[PDB]
Every structure is written in C-alpha cells, then in structure tokens.
There are 2 protein chains.
Amino acid sequence: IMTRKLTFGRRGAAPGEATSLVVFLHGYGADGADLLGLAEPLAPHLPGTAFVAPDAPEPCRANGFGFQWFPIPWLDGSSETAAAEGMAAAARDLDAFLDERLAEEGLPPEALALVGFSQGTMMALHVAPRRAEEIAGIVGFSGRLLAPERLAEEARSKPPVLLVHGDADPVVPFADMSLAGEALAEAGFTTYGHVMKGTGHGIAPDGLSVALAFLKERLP
Amino acid sequence: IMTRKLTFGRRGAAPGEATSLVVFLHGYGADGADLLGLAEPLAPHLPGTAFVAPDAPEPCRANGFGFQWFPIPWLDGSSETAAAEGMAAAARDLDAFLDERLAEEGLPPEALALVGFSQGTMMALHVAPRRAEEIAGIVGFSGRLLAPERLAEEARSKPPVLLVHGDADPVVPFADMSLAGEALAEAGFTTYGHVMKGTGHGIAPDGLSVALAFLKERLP
Ligand code: NA
Ligand code: NA
Ligand code: NA
Ligand code: NA
Ligand code: NA
Ligand code: NA
Ligand code: NA
Ligand code: NA
Ligand code: NA
Ligand code: NA
Ligand code: NA
Ligand code: NA
Ligand code: NA
Ligand code: NA
C-alpha cells in the first residue's frame, strides 16, 4: 500500500551540518509548528542538533485546522476500529518519515531522539521500539503507552525513555505515566521519570529542563 | 477589575486604509493564526477589508500550546462554575478587544463583522448582541448558542447572523445549528443558514463561499 508524505518544519543545525536529530511529535489537534518552537530554548544548549516537527497525516476530527495521528473515540465519535487502523497507518507514515530524515541528514539511528507530546508520545512509544536499530532515546511528555501487552513481543529495539507528566493533568491521567513506565521497564527499557508537580496537560519549565539534560547526555 | 489584552494577527487592507473589519474567533485549543489564514482566499474579493484574529486569553486545558476562551467540562474536567466564569471573563476581554480594533482602524461598528469557529462562534453569539451598537453581521461556523434563554432580555443589538454547520459534525451536534437559529430568529435577528452536507467539524469550500457572499453584501 502507500505511505502519506509528512510535511515538516526545521530548526537548528545548518543543513549538512547536523550531528544529531530531534523529531518533535505533536499532540491531537495540533501541528508541528507548536512543538518545534521548543527548539528555541534548546538549540543553544544542543549546538549541532537539527530539530524537525512533522504534521500528523490526517485532519483533526475535533478542530478546524489541526492534525491528528489517529482519532480518539471518546472525544470525536470515531470507532475503535478506526482508531486502531489510524494508529497503524500513522506508524507506517512516521516510520517512513524517520527513514527519510535520517537519510537526508546523513545520520545513523543512534543520533536521533524523539520528543513527544500527548498523542505524539503514544506515536513515539509505538514506533521507536519497533525500529530495527536503537535510536538515542525518547522523551515522552504527558502521554501514554497504547498497547503495553504487545510491547514485549514486538519490541525490536529498546532505547532509553524519559517520561514527563503533570500530576494535575486533567485529560491524560497522571497514573498513565507509571503504567507506561513499568511496561517499559519490565520489557528491558532503561526508563526515567520526572513529575511536573502542580502541572496540568502542558510542558512546564522543569519538564523542559529535564528533557534537555536527558537529550544533551544521549545525543552525540 | 481587569481585562486581559489579546494578542492578534492582521491581514488584508493596509493599515489606515480599511473600509471594514473582519474579526476571526478561533475554536477551543486553537489560535488566531489558523483562522486568519482564511484571509488569503477572501481578501481579493473583499478589497478594503482588514482581517484580524485574536488569540483567546487562556492556555487550553486540553493541549500544549493552544488557547481557550473558556474551559469545556465534559472534555477537560473543569467545573461548570469555572466554565461560566471563564465565558464572562472572555466576553469582557473580547468586548474590550473589539473596541480597541475599531478605535485603531478608525471604523464604526457597522463596518465590523465577526467570523467564528466552534467555541469562537459561541463567543461571537454572546458578545455581538450585547454591544450597544449593531455590527455588520456574524458568521458562525460549527458552533452553538450558549445561553438561548438569556438572549431575549440581554440582546441590546441584533445584527444579521449566518450559521454554517456540517451535517456530519462529530463534536458539535448538527442540531445545535437549528437550535441556535430559532433562538436568534425568535429574538428578532435576521438569521440565515447553510448546511455543509457530508462535512464534519471543519470549514468546507461551500461554507467559505457562502460566508464570503454574506460578508461581501454586509460590509461597506
Ligand atoms: Na503531514
Ligand atoms: Na504538541
Ligand atoms: Na493528544
Ligand atoms: Na506545522
Ligand atoms: Na470532523
Ligand atoms: Na508521557
Ligand atoms: Na499508559
Ligand atoms: Na491573547
Ligand atoms: Na479555529
Ligand atoms: Na471548540
Ligand atoms: Na496566533
Ligand atoms: Na491542563
Ligand atoms: Na454555528
Ligand atoms: Na445551540
């Protein structure tokens, strides 16, 4: 079948000159541009890093101009089958996208990290472990692990994962952080956590700070 | 008390040179920039029109980088009181914003139209009727009327309203269009409708087309 080509923005290290690559994965109803803005405070501390943020391949069922990786039944009326098929198709697309970025940036998988937010975190946690080669790592903000029971079997690679979550998150339950964390840890992933105390569904400065330290240490 | 100043983008007629003003009001979790993009196809057909799109004054409870006019309890866990207070505060802010735009553009209220999407439509339908002077009109996409029972008493002005809604809208029930429509019509508002057949929660070309005709006719 066919992959949908993802549009994306870029920041950071001059083309041709990237030592490493961070791919931002936005949340439901958003777009690449929002998260890519995090490249501003991060870039000076990650000199040779290129930042990219694709737009999810489908229009968002719940808003006018945003994108979704896949639909969310409890929210937008989609069926569970549509949600599942959507995730598989989005994973197909993102996998192809990562290959393309690594190919064009001239980098190996160990110099790529994924940084997700919410639905984007679900995408990162699904796609990365299923890659043939282990990437540098995953930072997952405010998200969850969609199919924990499958992780065991299907994980082909096991990059380190930092999960960051607000303990007052009103849309993705804080408990999902521990649930995702233990599924990962038990499957052999080196897993880290940071709790954004008093934070809702968003990225607070302390969350960005810990993500930076994690990336700075993992990226070549 | 105090109003929050709204950031906004602008398009269209050269500053100083505007014959009319269209204010876009974005939906929950979005921002001004998205809707303001509609200025591109509209501008050539509305020569002297200035387009502006404010960002809603609060961070969105449900996403990372978007804005809300007020929270949505069924979706983000907020209380009904928080939702009600949020709407009152947002209305205070938008009212002040409109005054400022009219003041700076050097225009009278009859050369201002509001174009809403979803939550933004709820804002338009709340604020416009409560203005002292009647504006040119309101185009409400894919939204609803929050307090129909109060409309009677509190409407101080009654500009014409065009409601546009997708009959397959999975997040704002198509029925809300008729409900909003009859509340308005019975309160003395000249009310129009266009159904976007087969459309979900978004703006299809036929919806944009009818909005343009409506604006072109109402704006000086
Ligand atoms: Na895309
Ligand atoms: Na995002
Ligand atoms: Na999401
Ligand atoms: Na984008
Ligand atoms: Na839709
Ligand atoms: Na997470
Ligand atoms: Na989880
Ligand atoms: Na604002
Ligand atoms: Na919008
Ligand atoms: Na909305
Ligand atoms: Na904006
Ligand atoms: Na929140
Ligand atoms: Na509407
Ligand atoms: Na309604």
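Order of the sequence lines fixes the chain letters, A, B, ..., with proteins taken first and strands second; residue numbering starts at 1 for each chain. In what follows, every heavy atom counts, from backbone to side chain, and hydrogens, waters and symmetry copies are set aside.
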Max heavy-atom pair count under 4.5 Å with chain A, selected residue of B:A62, B:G202, B:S142
B:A62

Looking only at B:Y28, B:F117, B:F141, the option with the highest number of non-hydrogen pairs under 4.5 Å against chain A is B:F117

Residues of residues 81-89 of chain A within contact distance of chain B, non-hydrogen under 4.5 Å
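Near chain B, by residue number: none.
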
Between NE2 on residue A:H26 and CG on residue B:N63, distance to nearest 0.5 Å
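Reported to 0.5 Å precision, the distance equals 11.0 Å.
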
Any idea which of A:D169, A:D34, A:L35, A:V171 has the most non-hydrogen atom pairs under 4.5 angstrom with chain B?
A:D34

More than 12 heavy atoms from other groups under 6.0 Å of NZ on A:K5:
no

So what's closer than 4.5 Å to chain A heavy atoms on B:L38: side chain, backbone, both or neither?
side chain

Tell me, side chain or backbone of B:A30 under 4.5 Å from chain A's heavy atoms, or both, or neither?
neither

Chain A-proximal positions within residues 118-129 of chain B [heavy-atom distance under 4.5 Å]
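Near chain A, by residue number: none.
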
Taking every non-hydrogen atom, the tightest pair across B:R61 and A:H201:
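Between these two residues, the closest heavy atoms are O-CB, 3.6 Å.
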
Min side-chain heavy-atom separation A:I203-B:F65 under 4.5 Å:
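Of all side-chain heavy-atom pairs linking B:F65 with A:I203, at least one is under 4.5 Å.
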
At a heavy-atom separation under 4.5 Å, does A:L75 approach chain B through its side chain, its backbone, both, or neither?
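It is both, since atoms from each part get that close.
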
